[PDB]
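Note sheet for the following structure.
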Amino acid sequence: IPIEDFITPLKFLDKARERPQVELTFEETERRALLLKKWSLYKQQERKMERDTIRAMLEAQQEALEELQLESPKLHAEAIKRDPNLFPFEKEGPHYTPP
Amino acid sequence: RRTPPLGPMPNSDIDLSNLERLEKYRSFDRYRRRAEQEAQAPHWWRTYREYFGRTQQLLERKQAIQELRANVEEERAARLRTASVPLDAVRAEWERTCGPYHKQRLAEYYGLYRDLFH
Amino acid sequence: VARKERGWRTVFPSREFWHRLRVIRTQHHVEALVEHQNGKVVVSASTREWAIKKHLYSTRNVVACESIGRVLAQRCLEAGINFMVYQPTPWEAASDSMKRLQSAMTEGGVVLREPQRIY
Amino acid sequence: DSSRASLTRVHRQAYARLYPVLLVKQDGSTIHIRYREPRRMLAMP
Amino acid sequence: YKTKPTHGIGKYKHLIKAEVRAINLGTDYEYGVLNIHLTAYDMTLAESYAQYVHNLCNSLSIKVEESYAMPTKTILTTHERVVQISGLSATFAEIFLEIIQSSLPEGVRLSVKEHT
Amino acid sequence: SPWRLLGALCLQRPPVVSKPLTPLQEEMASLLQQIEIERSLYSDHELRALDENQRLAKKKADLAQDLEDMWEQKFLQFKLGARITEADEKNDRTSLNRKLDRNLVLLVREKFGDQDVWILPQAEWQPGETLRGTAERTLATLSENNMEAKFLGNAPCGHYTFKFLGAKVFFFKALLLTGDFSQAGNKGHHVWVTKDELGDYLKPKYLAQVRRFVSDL
RNA sequence: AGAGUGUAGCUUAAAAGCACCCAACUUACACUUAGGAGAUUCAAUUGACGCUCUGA
């Protein structure tokens, strides 16, 4: 059924007069630009460590696959064989305070 | 009746079975750059062009670039797009570094060498 | 009086000119060329050159484009080339750096509209 | 790296104020959840 | 022309691909269409994690046919997002599953359920 | 050549407690809250706090504060569970609650004759046994407890071949869902290590390279 | 211990071009625009500082 809840509520139309004021200072926006600079650097670095870890563990797993090929001729057919128990696979996200 | 191509036919190396896994032209500008690159290259067919045709200086430049970018005022003027560049110094340092190359380009285009020195 | 390549209606850019001003915006550098219709380069002006490079904070912004536009303007003012063609694609035609570049070229002294051929 | 998709903002434009109330369902686990009427703690019976 | 050596120099429809069970024959063993359900009480966290997993998908050559969502439910409200993923290796399935496990910001649930 | 068939397992503990935030991340937390307030549009609470106070002032010239006070005192009522059960213990390596913001890896000392090695938990497998079945048997046999974990696939993660009779060691990767870890003070030497102490515990080249397929995050 | 060696992720590039990241439109992706960080491992073609493989 094509019903979606991305339609904006009708109540957000009339009383839009609480904050018409948007005024900052030059030092504040200089800090904003410096923060955007350093965060682009920082999360680019974060993705750099992410891609380094994934390339390291990909090359570890493909080296693992070629070693299992060269040391076991009857185990690679069942090693690449997938497991059917991942159909109802779920994982809850992290929390703050343990029970 | 067909005849085989004389040289290497374009768009031949990329034609495979699965183009869906290949990454993509998401834009237009990249194709314009690559097509200009291919149009610059010579070919075997008939084309429009056929009928109608050290370390110390680098270290000093890196140090100057690091010192110029370390100024708070230059970055503040750059982020506010109000910075300007003096034309006199740039003109003089063009007259120093790479002026002969551009003057040779003008002497090539303005029909000077084929009439003076063959 | 001289002939212009009047065709190429179905392909970009139009070749009906005598001098083309092309701007290449790379990841690192912005570059400007003043060229013939034969493909011969005539006047070049790059941020890949120490003279304009050390006087700029970053080689790609509005400031770098305006400065290299002023430099190319004075270069072609003294080079005796007074009329160009500048054809931007409509997405970066409305861009701020290219509007600033066109304004700097109009203020420099080079008109970016070439006079008509006399038939 | 459980903080990449937590430094967020409302991608819409017609939205009201949201406040990070700490929510607990039944097990004493607090989650910062953006909601109106700026409560501080929640507990579902 | 057909007889000249320059025949088909402008041919392009073979470069144009303009036109579900899992493909598991004997050696190349792949998932079909999947559905990843992201359930959270925050829409900011929900579509932010959806953007993050989609940016992970298009940077790793993963086919994503749709990135739609389902409407919320009255209870507190629950915002749920659907990310469809097709085409993986078994090693690659292990890797993408461990990344989507270890990338959860705050209380977001996962699902590796398939179509229907 | 006689191959000494050996498999193993790399157990992983998912982070129940999220990682602490950088102060720079705190700066974008405050900044994103500020810009969300600046780009919001007249929430009902501020309509019931500003205009109601203006009407009260108009009436006096001729409650949101109580709600905020009771919210503050109810926040002060329920004390938050401590995220740090880590520094107060500082020596409970066998316990599952040694760390909360990082992954935890099972790791067992093993007594051999020609060797004496602190190893990732291993086992011996037969050609008739499945490697996934070997890992399940290792989980159900070695710790002598009641975890319920979850694997991802039969694909491996790291193989290392050391000889003195050929030999090979197989490295998978598991993931604990939950577990009844009865009698936590076992006679074994299982120690949970986030990332660093592995380099303190596992010296040789067949064991100092385990961390390159362990999720460091 | 020996061999292969070496420009940011990639280059039969010579300090470049493709890559990469946020900010804005997009449910989202993508485009575009605004910005950003980048390197020839150190000494005189050669030696030694870093990585991979082959040994114990």
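Don't worry about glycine lacking a Cβ; one is built from the backbone with ideal geometry, like all the others, and counts go over all protein chains shown. Read-outs: derived from the displayed coordinates by stated rules, not from any lab.
Some points to look at:
- Between residue F:54 and residue A:74, the simple spin-label model (points 7 angstrom out along Cα→Cβ) gives 8.4 nm.
- The HN-Hα couplings worked out from phi for the range B:31-37 by the Karplus form 6.51 cos²θ - 1.76 cosθ + 1.60 (θ = phi - 60°) are 5, 5, 4, 5, 6, 5, 4 Hz, whole numbers, x standing for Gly and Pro.
- If you plug the beta carbon distance of residue B:101 and residue F:22 into 1/(1 + (r/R0)^6) with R0 = 51 Å, you get a FRET efficiency near 0.55.
- The residue among F:214, C:28, F:17 whose Cα reaches farthest toward the positive pole of the charge dipole of the protein assembly as shown, with charges on the beta-carbon of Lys, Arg, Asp and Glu, is C:28.
- Take every pair of alpha-carbon atoms less than 8 Å apart whose residues are at least six positions apart; their mean separation over the length of the range C:42-112 yields a relative contact order of 36 percent.
- Exposure proxy ranking for F:19, E:17, based on other Cβ atoms within 10 angstrom of each Cβ and starting from the fewest, stands as E:17, F:19.
- Neighbouring partner chain Cβ atoms per residue of B:72-85, average, 10 Å criterion: 6
- Listed by chain and number, the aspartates and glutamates whose C-alpha is less than 15 Å from the C-alpha of residue F:60, apart from same-chain residues fewer than 8 away, are F:51, F:52.
- For the range C:91-119 and the range A:24-81, distance of Cα centres in Å: 45
- Scoring F:170-176, F:127-133, F:109-115 by mean Cβ neighbours within 10 Å over their residues and listing the highest first yields F:170-176, F:127-133, F:109-115.
- Among A:74, A:43, A:11, residue whose mean-square fluctuation peaks in a GNM of chain A (springs only between Cα atoms under 10 Å): A:11
- Put in order of Cβ neighbour count within 10 Å, fewest first, the listed residues B:9, A:57, D:44 become D:44, B:9, A:57.
- Taking chain E as the region of interest, the number of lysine pairs whose Cα atoms are within less than 27 Å, with members eight or more places apart or on different chains, is 9.
- Low-density loop positions, chymotrypsin sites (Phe, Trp or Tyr not before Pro), the range A:1-63 - DSSP coil, at most 10 other Cβ in 10 Å: A:6
- Shape descriptor for chain B: Rg over Rh equals 1.14 (Cα atoms; Rh from the Kirkwood inverse mean 1/r).
- Its Cα centre serving as origin, chain F has a Cβ charge dipole (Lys and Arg +1, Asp and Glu -1) of approximately 1040 debye.
- The charge dipole of the range F:49-171, taken about its Cα centre with unit charges on the Cβ atoms of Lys, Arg (+1), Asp and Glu (-1) only, comes to about 240 debye.
- Using θ = phi - 60° in the Karplus curve 6.51 cos²θ - 1.76 cosθ + 1.60, the 3J(HN,Hα) couplings for the range B:15-27 round to 7, 10, 6, 10, 8, 5, 7, 6, 6, 10, 5, 7, 10 Hz; x is entered for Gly and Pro.
- All other residues whose Cβ lies under 11 angstrom from that of residue E:73 are scored, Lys and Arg at +1 and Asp and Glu at -1, for a net of -2.
- Separation of the alpha carbons by more than 26 angstrom is noted, of A:38/F:19; A:91/D:25; F:168/F:203; F:19/F:195; A:48/A:74; A:38/F:205, for A:48/A:74; A:38/F:205.
- Choice from A:52, A:14, A:83 showing the highest fluctuation, given a GNM over chain A with Cα pairs closer than 10 Å: A:14
- In percent, rounded to a whole number, the relative contact order of chain C is 24, using alpha-carbon pairs under 8 Å and six or more apart.
- Cα long-axis angle, helix C:96-108 against chain C (0 to 90 degrees, to the nearest 10): 70
- Distance from the range F:44-58 to the range C:1-46 (C-alpha centre basis), Å: 65
- For residue E:113, residues with placed amide H under 5 Å, excluding near neighbours: A:89, E:35, E:37
- Dipole of the range B:15-118, positive end: most advanced residue of B:82, B:111, B:37 [Cβ charges, Cα centre]: B:37
- Cα-centre dipole for chain A with unit charges at Cβ (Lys and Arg positive, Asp and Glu negative), debye to 20: 480
- The calculated 222 nm mean residue ellipticity attributable to helices in the protein assembly as shown amounts to -10500 deg cm²/dmol, summing -39500 (n - 2.57) over DSSP H runs of n ≥ 4 and dividing by all residues.
- A Förster distance of 35 Å, applied to the separation of the beta-carbon atoms of residue C:83 and residue B:92, puts the FRET efficiency at 0.80.
- Likely footprinting exposure, B:110, F:42, fewest C-beta neighbours within 10 Å first: B:110, F:42
- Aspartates and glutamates whose Cα lies under 19 Å from that of residue A:81, excluding same-chain neighbours fewer than 8 positions away: A:63, A:66, A:67, A:71, E:28, E:30, E:94, E:98, E:114, F:129, F:136
- Local net charge near residue B:98, Cβ-Cβ under 11 Å (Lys/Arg +1, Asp/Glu -1): +1
- For chain A, the longest principal axis of the alpha carbon atoms and the long axis of helix A:26-71 meet at an angle near 10°.
- Think of chain C as a dipole: +1 on every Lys or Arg Cβ, -1 on every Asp or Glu Cβ, centred on the Cα centre; then among C:68, C:111, C:86, C:86 lies furthest on the positive end.
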